[PDB]
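Novice: quick check, what structure comes out for this input:
(chains A and B, ligands or ions: 2)
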Protein chains: 2
Amino acid sequence: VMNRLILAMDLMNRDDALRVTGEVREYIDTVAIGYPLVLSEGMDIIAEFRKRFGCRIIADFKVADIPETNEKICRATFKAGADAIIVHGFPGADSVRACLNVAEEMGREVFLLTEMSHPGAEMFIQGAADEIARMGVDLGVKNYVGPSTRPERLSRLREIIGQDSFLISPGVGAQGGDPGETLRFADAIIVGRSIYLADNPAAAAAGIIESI
Amino acid sequence: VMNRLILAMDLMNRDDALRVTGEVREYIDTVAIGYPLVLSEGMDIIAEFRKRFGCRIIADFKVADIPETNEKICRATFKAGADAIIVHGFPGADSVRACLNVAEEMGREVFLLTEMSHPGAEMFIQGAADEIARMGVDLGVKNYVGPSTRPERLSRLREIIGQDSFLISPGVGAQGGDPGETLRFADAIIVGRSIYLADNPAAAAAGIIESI
Ligand SMILES: O=c1cnn([C@@H]2O[C@H](COP(=O)(O)O)[C@@H](O)[C@H]2O)c(=O)[nH]1
Ligand SMILES: O=c1cnn([C@@H]2O[C@H](COP(=O)(O)O)[C@@H](O)[C@H]2O)c(=O)[nH]1
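Specialist: Numbers count the residues shown, from 1 in each chain, chains lettered A, B, ... in the order given. Ligands and ions are numbered 1, 2, ... in the order given. See the structure here:
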């Protein structure tokens, strides 16, 4: 992705989300849109962003349901125009396969979330993360999400998925992760608050890019 | 699109197509892939390009069949990963609507080809072009294709579709169209041979961009 930087657009109103995204578009061509914005403004916001900014959109929906429901969520999300969707791996292989099947049918991509960046991830997710990553490899997953806040875990994840897989990483800035260190292992970093809550989002994005 | 320039990749072998596209990727982020490449290397080439170059892909398939077949062609094309498809308008409204319905279902876009750039277009297409464009407006089409070789016709087309519609235009360079003049009316120009047959495709792309 451009400058190896993905904007996590978690503002909850359309006007502010459009303003900040437009201000940083010269530095970023990929935006992660999640439920905070979608549940506040509707799924139509995805197509609006894609058209207005000409950016790729990753739906950060952390899909985590049974196979049948996962298929419906993925279909609705790709119908809305998303280029990719983030899916949790802890619910198991059948749930991930359901997402992969819809992405195959619709010409889109699935990103498998393996270990999360927040403190609570140490309770249950971290202990299953290596196996979740190996499961992804076994299913043919080529895109993964791992934690900026734990570079030793990001390194282990990169080890399991190989150099050919694409790995993106949130937890940079506000959560404590460092851009440069994270990019030693991840292909791109996801940054939300450090950019969208900044007094000058464009200056914040430019500063992150210059630091790397 | 980046630099308002779209590469028409009509080489017929994968190695040469990948080489030229990689050489000009710093100048272009949108590639039109048509049947010369797809019928020679397979539909899988679309996903390969999208991944390898991170570019948007327009399938320049000039869809021109009955509604039922158009739906199948569009479904197969979007399944392959194309972001948009070019559809002929001369076969009529039902044929275009079939394409629009599949694009809506799959979160993608349809570009309506209204008047073609080659000499033969004067025989039958030119006389129906204004009505084909008006039909597109009536159907809700927002993306159009018009001829670089006839700027007065491109102007008339822009007049019918309005300033809000997106208009791209082939026939630049080899066919005689001028980049600058075309961009007075079109949002982006499509260029094939002037770039892909050049001794230095990157220098050719850079030269077009500097001229505008
Ligand atoms: O393990 C994960 C997975 N996803 N995200 C998401 O990535 C973004 C990070 O935002 P931030 O830069 O403001 O902390 C938010 O959308 C958040 O839901 C994390 O932070 N950690
Ligand atoms: O009216 C039209 C519609 N489509 N194209 C297409 O646009 C490209 C133009 O290539 P060129 O720059 O090599 O002439 C080719 O893929 C061609 O099929 C035209 O040239 N004219």
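
Novice: residues contacting residue A:85?
Specialist: The neighbours of residue A:85, taking CB atoms under 8 Å, 6 or more residues apart in numbering or on different chains as the test, are A:58-59, A:61, A:63, A:73-74, A:77-78, A:99, A:103, A:108-111. (Each C-beta comes from the backbone N, C-alpha and C, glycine too.)

Novice: recalculate using a threshold of 7 Å.
Specialist: Applying CB atoms under 7 Å, 6 or more residues apart in numbering or on different chains to residue A:85 gives the contacts A:59, A:61, A:63, A:74, A:77, A:99, A:110.

Novice: between these, which is nearest chain B?
Specialist: Nearest to chain B, judged by CB to the nearest CB, of those is residue A:77 at 8.5 Å.

Novice: helix/strand/coil for the closest one?
Specialist: Secondary structure for residue A:77, judged by DSSP: H, G, I helix; E, B strand; the rest coil, is helix.

Novice: pull the number of nearby residues for it.
Specialist: Residue A:77: 26 surrounding residues under other CB atoms under 10 Å in any protein chain shown.

Novice: so what's residue A:55 up against?
Specialist: For residue A:55, the contact set (CB under 7 Å, 6+ apart) comprises A:29-31, A:49.

Novice: recalculate using a threshold of 8 Å.
Specialist: A:21, A:25, A:28-31, A:49.

Novice: what about the closest residue to residue A:60 other than its chain neighbours, distance to residue A:45?
Specialist: Spatial nearest neighbour of residue A:60, chain neighbours left out: residue A:34 (4.1 Å); criterion: CB to CB, 6 or more residues apart in numbering or on different chains. For residue A:34, the distance to residue A:45 (CB to CB, to the nearest Å) stands at 11 Å.

Novice: could you do residue A:79 as well?
Specialist: 14 Å.

Novice: compare the two (neighbour count), which wins?
Specialist: The residue with more neighbours, out of residue A:79 and residue A:45, is residue A:45; 20 against 17, by other CB under 10 Å.

Novice: quick check: which element contains that one?
Specialist: Assigned by DSSP states H and E, residue A:45 belongs to helix A:44-53.

Novice: what strands flank the helix or strand following that helix, and is each parallel or antiparallel?
Specialist: Under the assignment DSSP H and E, the closest C-terminal helix or strand after helix A:44-53 is strand A:56-63. Paired strands of strand A:56-63, with direction, are strand A:30-34 (parallel), strand A:84-88 (parallel) (DSSP bridges).

Novice: reformat these as a markdown table; add distance to residue A:135.
Specialist: Compiled in a markdown table, the strands paired with strand A:56-63 are given as follows (distance: least, CB to CB, whole Å):
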| stretch | distance to residue A:135 |
| --- | --- |
| strand A:30-34 | 23 |
| strand A:84-88 | 12 |
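
Novice: and of those, who's closest to residue A:176?
Specialist: strand A:30-34 (18.7 Å; CB to CB).

Novice: what about that closest one, near ligand 1?
Specialist: Yes: for a cut-off given as CB under 6 Å from any ligand atom, strand A:30-34 has contacts with ligand 1, namely residue A:34.

Novice: quick one, strands of chain A?
Specialist: Listed in chain order, the strands of chain A (DSSP state E) span A:5-9, A:30-34, A:56-63, A:84-88, A:109-113, A:143-145, A:166-169, A:188-191.
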